[PDB]
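When we count neighbours, we look across all protein chains shown, and the Cβ atoms used for this are built from the backbone with ideal geometry, even at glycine. A short reminder: the numbers here are calculations on the coordinates, not readings from a lab.
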Amino acid sequence: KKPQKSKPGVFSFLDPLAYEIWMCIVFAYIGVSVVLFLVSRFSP
Amino acid sequence: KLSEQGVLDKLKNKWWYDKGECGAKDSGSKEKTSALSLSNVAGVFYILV
Amino acid sequence: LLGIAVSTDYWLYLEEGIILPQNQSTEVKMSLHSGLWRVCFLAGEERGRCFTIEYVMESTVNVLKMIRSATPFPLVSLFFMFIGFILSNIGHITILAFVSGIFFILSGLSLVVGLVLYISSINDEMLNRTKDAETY
């Protein structure tokens, strides 16, 4: 049967990025906050 | 006697061309995009609620 | 309003028919109003079956099977209001009223998820209808 538009899943909103990029966003989000905390430690 | 000039062949051109076509005629401009469904963005609400 | 909203067979509308091209009005093949418990047909062979979904009868059947997935959250919605409604009266007769307000808050969170499951599953079979030119 020639397919029509397939049904998107409930997690189809994050489709235009790979899972690795969303993962590398979060690990970027953590360490930058750690840097901001550590710069704020060694500075008045 | 049929195959030497293609009475088998040339008639197979015609009867396979005759009944209409369903090809690249409707892949190009027989679509307009629609509004988004809620189901396109439903899982955000599941993340939201 | 929610007891009226559950008990009726008028939660939605449906009209499946075939169209006539050359300056002619439409020919309706099937039309019905329905709810979740019973389904009362309108224009399917002019049949007055207020008909349950557990009994079958071709695409609107599978639409009706997905409304069974939308069952629980309106039912949970009734219980949290009714506890919250009577505890507002016992607080008049405070903490009896404060937590009952949360049961009004926890209700409408299930109202949204109830409307999330309801509308999105209709939109599933809205597109999962096999799209033809004549069938409007």
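In segment A:4-23, how many residues are within 10 Å of chain B (Cβ to nearest Cβ) and either surrounded by 12 or more Cβ atoms within 10 Å (Cβ to Cβ) or not charged (D, E, K, R) (or both)? Even if it seems obvious, please write down each step before you answer.
Step one: of segment A:4-23, the residues within 10 Å of chain B (Cβ to nearest Cβ) are A:5, A:7-15.
Checking which are either surrounded by 12 or more Cβ atoms within 10 Å (Cβ to Cβ) or not charged (D, E, K, R) (or both) leaves us with A:7-14.
Residues in segment A:4-23 being within 10 Å of chain B (Cβ to nearest Cβ) and either surrounded by 12 or more Cβ atoms within 10 Å (Cβ to Cβ) or not charged (D, E, K, R) (or both): 8 in total.
Scanning segment C:1-22 for residues being of a type outside the set (A, V, I, L, M) and assigned to a loop (DSSP other than H, G, I, E, B) gives a total of 6.
Taking the condition among the hydrophobic types (A, V, I, L, M, F, W, C), part of a loop (DSSP other than H, G, I, E, B) and within 14 Å of another protein chain (Cβ to nearest Cβ), does C:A133 pass? Don't jump to the end; show me each part of the working.
Values: among the hydrophobic types (A, V, I, L, M, F, W, C): yes; part of a loop (DSSP other than H, G, I, E, B): yes; within 14 Å of another protein chain (Cβ to nearest Cβ): yes.
Considered against the rule, which asks whether it is among the hydrophobic types (A, V, I, L, M, F, W, C), part of a loop (DSSP other than H, G, I, E, B) and within 14 Å of another protein chain (Cβ to nearest Cβ), C:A133 comes out as yes.
Only one of the listed residues (C:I105, C:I122) is under 21 Å from the mean Cα position of the chain (by Cα), β-branched (V, I, T) and within 14 Å of chain B (Cβ to nearest Cβ). That residue is C:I122.
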